[PDB]
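One structure below.
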Amino acid sequence: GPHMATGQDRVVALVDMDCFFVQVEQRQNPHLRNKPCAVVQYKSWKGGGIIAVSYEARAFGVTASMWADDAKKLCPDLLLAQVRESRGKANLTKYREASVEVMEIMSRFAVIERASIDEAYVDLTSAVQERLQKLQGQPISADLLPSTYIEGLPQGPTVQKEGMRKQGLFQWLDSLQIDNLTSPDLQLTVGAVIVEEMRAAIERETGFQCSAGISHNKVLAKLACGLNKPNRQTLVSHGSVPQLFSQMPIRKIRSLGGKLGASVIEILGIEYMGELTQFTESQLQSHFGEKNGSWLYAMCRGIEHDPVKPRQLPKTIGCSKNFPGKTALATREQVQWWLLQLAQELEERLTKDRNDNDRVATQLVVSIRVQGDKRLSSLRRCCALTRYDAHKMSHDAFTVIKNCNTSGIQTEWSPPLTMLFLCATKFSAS
DNA sequence: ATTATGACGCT
DNA sequence: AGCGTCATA
Ligand SMILES: [Ca+2]
Ligand SMILES: [Mg+2]
Ligand SMILES: [Mg+2]
């Protein structure tokens with residue numbers, strides 16, 4: 001009873017940009033705004049591969065991981081923006097730079113953890129305490145939460161979407177006890193007020209819209225964010241978890257979308273997150289290991305302790321290119337030319353990074369894939385990165401992989417290379 | 001022939 | 001260290 005932790009100690013948000021690369025291209029080119037449109041990389045092979053899709057285009061069934069030629073079958077009027085190509089490869093700089101715009105705005109409100117190119121976690125616990133004291137026990141107006149959904153509401157004793165949202169928000173606010181500054185539900189609500197402000201700032205200052213989730217930890221905040229996309233935010237309270245989880249497929253929770261999640265389902269013979277509550281912590285630890293078992297035991301009750309790391313910048317800077325099918329690199333000079341191309345982009349990004357961020361990478365990781373290997377990486381070797389020079393880095397890369405060449409002829413490369421990867425790691429302050 | 005990334009876990 | 005897992009545009 002009184003000693004059972006409820007995982008309600010923090011307020012955590014997850015902010016995720018809507019259709020992000022598409023919004024970046026729509027800002028740049030007003031002709032793409034309010035249209036079915038997608039972002040594609042390359043073109044020759046089946047029209048190029050789609051990697052982002054506007055909500056208008058999703059209505060036609062267009063998805064990412066779709067070839068443009070196939071997308072055009074579903075949506076003949078689909079508009080397409082191409083990823084830039086430099087040095088023979090896709091270059092994602094425009095989107096990385098747009099990401100920095102958003103991340104810097106978020107950082108004004110709180111410490112953030114960059115979780116991907118288009119999303120960050122926010123620990124709002126301290127900010128909420130401060131807003132609560134300014135507030136002085138004053139009720140929170142629905143007007144302060146104009147894009148917020150309360151998951152699970154309305155409920156109990158109109159047929160339009162915005163009407164339903166307000167109904168649920170009214171029920172939530174009607175029940176709140178604004179008298180208690182330590183009330184977790186109140187804390188989440190104030191968190192949601194701050195995230196409205198954050199999201200308004202992002203849209204004002206960049207033109208980009210986003211969604212967000214507000215909860216007590218990262219996993220629930222992430223889950224919440226997706227419940228009402230696009231351009232909306234969702235509050236998932238501790239109390240909402242039993243109903244939410246009672247029909248939530250296990251694979252929907254972050255980290256369970258792969259083999260572990262499949263094993264939870266198979267071994268325990270369950271389907272939904274809530275079904276996990278019936279197992280003891282030791283039972284879960286016995287199947288999934290000590291760490292996973294404890295994590296699952298807490299997570300299925302809405303509890304998770306993973307901190308929001310104070311890290312706004314990526315820890316690694318990498319450059320990679322596939323050489324599929326027939327385009328696989330079969331000559332040494334091919335290999336050396338592409339290592340140089342990758343190394344030149346890497347040097348460019350590294351030099352910019354050193355100037356912007358006062359740090360230097362000290363380790364170069366070189367990775368290749370070989371034709372036939374199911375595995376995405378076949379081989380990964382590290383060497384010292386002592387100087388930001390593309391020719392040195394590419395020469396060094398060649399040295400660490402040169403022995404991979406099975407071919408008795410040194411001019412020939414066998415088996416042909418289907419991937420090259422250069423990655424700068426182990427930063428030190430500079 | 002999705003591709004180009006990027007974080008964290010295991011041993 | 002090198003490999004694997006999981007994730008996101
Ligand atoms: Ca997104
Ligand atoms: Mg995202
Ligand atoms: Mg996505």
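Here's how to read the names in the structure tokens: chain A, B, ... by the order shown, residue numbers from 1 in each chain, ligand numbers from 1 in the order shown.
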- Item | Interface residues on chain C facing chain A, 7 Å, only C-alpha atoms (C1' of nucleotides), written as a PyMOL selection string | chain C and resi 2+6+8-9
- Item | Exercise answer, chain A residues close to chain B, 10 Å and only C-alpha atoms (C1' of nucleotides), as a PyMOL selection string | chain A and resi 41-42+45-46+48-51+64-67+89-92+115-117+314-326
- Message: Can you pull out the residues contacting residue 103 in chain A? Cut-off 9 Å, using only C-alpha atoms (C1' of nucleotides), and skip same-chain residues under 2 positions away; I want them as a PyMOL selection string.
- Response: chain A and resi 98-101+105-107+112+114+118-120+312
- Fewer than 5 positions away in the same chain doesn't count, so skip those; otherwise give me all residues within 10 Å of residue 302 in chain A, counting only C-alpha atoms (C1' of nucleotides), as a VMD selection string. chain A and resid 6 to 8 215 to 217 219 to 220 236 to 242 244 to 245 273 to 274 296 to 297
Selected residues written out with N, CA, C and O atoms, as a PDB file, in the first residue's frame:
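The file below, selection31.pdb, is the result:
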ATOM      1  N   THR A   6       4.817   4.240  -7.505  1.00  0.00           N
ATOM      2  CA  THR A   6       3.829   4.329  -8.577  1.00  0.00           C
ATOM      3  C   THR A   6       4.399   4.997  -9.822  1.00  0.00           C
ATOM      4  O   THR A   6       3.670   5.234 -10.786  1.00  0.00           O
ATOM      5  N   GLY A   7       5.697   5.299  -9.793  1.00  0.00           N
ATOM      6  CA  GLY A   7       6.378   5.851 -10.956  1.00  0.00           C
ATOM      7  C   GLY A   7       5.761   7.167 -11.387  1.00  0.00           C
ATOM      8  O   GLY A   7       5.572   7.427 -12.581  1.00  0.00           O
ATOM      9  N   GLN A   8       5.429   8.001 -10.410  1.00  0.00           N
ATOM     10  CA  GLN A   8       4.767   9.270 -10.705  1.00  0.00           C
ATOM     11  C   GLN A   8       5.610  10.465 -10.259  1.00  0.00           C
ATOM     12  O   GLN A   8       5.089  11.566 -10.077  1.00  0.00           O
ATOM     13  N   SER A 215       3.773  12.404 -20.029  1.00  0.00           N
ATOM     14  CA  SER A 215       3.515  11.383 -19.051  1.00  0.00           C
ATOM     15  C   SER A 215       4.577  11.415 -17.965  1.00  0.00           C
ATOM     16  O   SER A 215       5.171  12.410 -17.752  1.00  0.00           O
ATOM     17  N   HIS A 216       4.695  10.326 -17.233  1.00  0.00           N
ATOM     18  CA  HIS A 216       5.612  10.226 -16.136  1.00  0.00           C
ATOM     19  C   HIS A 216       6.967   9.604 -16.463  1.00  0.00           C
ATOM     20  O   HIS A 216       7.781   9.582 -15.659  1.00  0.00           O
ATOM     21  N   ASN A 217       7.150   9.132 -17.658  1.00  0.00           N
ATOM     22  CA  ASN A 217       8.408   8.540 -18.083  1.00  0.00           C
ATOM     23  C   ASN A 217       8.510   8.545 -19.612  1.00  0.00           C
ATOM     24  O   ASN A 217       7.562   8.920 -20.309  1.00  0.00           O
ATOM     25  N   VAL A 219       8.875   5.997 -21.900  1.00  0.00           N
ATOM     26  CA  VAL A 219       8.113   5.036 -22.697  1.00  0.00           C
ATOM     27  C   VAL A 219       6.655   5.490 -22.840  1.00  0.00           C
ATOM     28  O   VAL A 219       6.098   5.457 -23.946  1.00  0.00           O
ATOM     29  N   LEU A 220       6.040   5.939 -21.747  1.00  0.00           N
ATOM     30  CA  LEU A 220       4.654   6.391 -21.841  1.00  0.00           C
ATOM     31  C   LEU A 220       4.561   7.694 -22.634  1.00  0.00           C
ATOM     32  O   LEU A 220       3.592   7.934 -23.347  1.00  0.00           O
ATOM     33  N   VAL A 236      -0.961  11.132 -20.983  1.00  0.00           N
ATOM     34  CA  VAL A 236      -1.250   9.784 -20.492  1.00  0.00           C
ATOM     35  C   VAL A 236      -0.953   9.769 -19.004  1.00  0.00           C
ATOM     36  O   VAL A 236       0.210   9.825 -18.590  1.00  0.00           O
ATOM     37  N   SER A 237      -2.017   9.725 -18.198  1.00  0.00           N
ATOM     38  CA  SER A 237      -1.861   9.718 -16.751  1.00  0.00           C
ATOM     39  C   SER A 237      -1.498   8.326 -16.237  1.00  0.00           C
ATOM     40  O   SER A 237      -1.675   7.330 -16.939  1.00  0.00           O
ATOM     41  N   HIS A 238      -1.022   8.252 -14.996  1.00  0.00           N
ATOM     42  CA  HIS A 238      -0.776   6.948 -14.395  1.00  0.00           C
ATOM     43  C   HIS A 238      -2.064   6.119 -14.371  1.00  0.00           C
ATOM     44  O   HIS A 238      -2.049   4.915 -14.685  1.00  0.00           O
ATOM     45  N   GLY A 239      -3.174   6.786 -14.052  1.00  0.00           N
ATOM     46  CA  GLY A 239      -4.461   6.114 -13.942  1.00  0.00           C
ATOM     47  C   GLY A 239      -4.986   5.548 -15.251  1.00  0.00           C
ATOM     48  O   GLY A 239      -5.737   4.575 -15.254  1.00  0.00           O
ATOM     49  N   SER A 240      -4.582   6.145 -16.367  1.00  0.00           N
ATOM     50  CA  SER A 240      -5.037   5.697 -17.678  1.00  0.00           C
ATOM     51  C   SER A 240      -4.354   4.415 -18.137  1.00  0.00           C
ATOM     52  O   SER A 240      -4.779   3.803 -19.120  1.00  0.00           O
ATOM     53  N   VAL A 241      -3.304   4.002 -17.440  1.00  0.00           N
ATOM     54  CA  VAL A 241      -2.490   2.887 -17.935  1.00  0.00           C
ATOM     55  C   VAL A 241      -3.206   1.518 -17.979  1.00  0.00           C
ATOM     56  O   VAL A 241      -3.131   0.831 -18.995  1.00  0.00           O
ATOM     57  N   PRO A 242      -3.927   1.119 -16.915  1.00  0.00           N
ATOM     58  CA  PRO A 242      -4.568  -0.207 -17.021  1.00  0.00           C
ATOM     59  C   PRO A 242      -5.496  -0.370 -18.240  1.00  0.00           C
ATOM     60  O   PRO A 242      -5.421  -1.394 -18.926  1.00  0.00           O
ATOM     61  N   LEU A 244      -5.473   1.529 -21.058  1.00  0.00           N
ATOM     62  CA  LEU A 244      -4.649   1.697 -22.252  1.00  0.00           C
ATOM     63  C   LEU A 244      -3.912   0.408 -22.564  1.00  0.00           C
ATOM     64  O   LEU A 244      -3.881  -0.052 -23.714  1.00  0.00           O
ATOM     65  N   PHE A 245      -3.330  -0.190 -21.534  1.00  0.00           N
ATOM     66  CA  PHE A 245      -2.491  -1.367 -21.764  1.00  0.00           C
ATOM     67  C   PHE A 245      -3.295  -2.648 -21.978  1.00  0.00           C
ATOM     68  O   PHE A 245      -2.754  -3.632 -22.471  1.00  0.00           O
ATOM     69  N   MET A 273       0.081  -5.652 -23.485  1.00  0.00           N
ATOM     70  CA  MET A 273       0.961  -5.205 -22.413  1.00  0.00           C
ATOM     71  C   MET A 273       0.377  -5.492 -21.020  1.00  0.00           C
ATOM     72  O   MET A 273       1.089  -5.912 -20.114  1.00  0.00           O
ATOM     73  N   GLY A 274      -0.922  -5.256 -20.848  1.00  0.00           N
ATOM     74  CA  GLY A 274      -1.528  -5.420 -19.541  1.00  0.00           C
ATOM     75  C   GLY A 274      -1.467  -6.851 -19.023  1.00  0.00           C
ATOM     76  O   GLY A 274      -1.448  -7.081 -17.807  1.00  0.00           O
ATOM     77  N   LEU A 296      10.310  -5.052 -17.575  1.00  0.00           N
ATOM     78  CA  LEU A 296       8.947  -5.455 -17.943  1.00  0.00           C
ATOM     79  C   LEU A 296       7.963  -5.431 -16.771  1.00  0.00           C
ATOM     80  O   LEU A 296       6.809  -5.008 -16.924  1.00  0.00           O
ATOM     81  N   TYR A 297       8.409  -5.890 -15.612  1.00  0.00           N
ATOM     82  CA  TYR A 297       7.540  -5.940 -14.434  1.00  0.00           C
ATOM     83  C   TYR A 297       7.049  -4.525 -14.071  1.00  0.00           C
ATOM     84  O   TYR A 297       5.858  -4.300 -13.802  1.00  0.00           O
TER      85      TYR A 297
END
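Considering the residues A:143, A:16, A:151, A:348 and counting only C-alpha atoms and all ligand atoms, ligand 3 has its shortest atom-to-atom contact with A:16.
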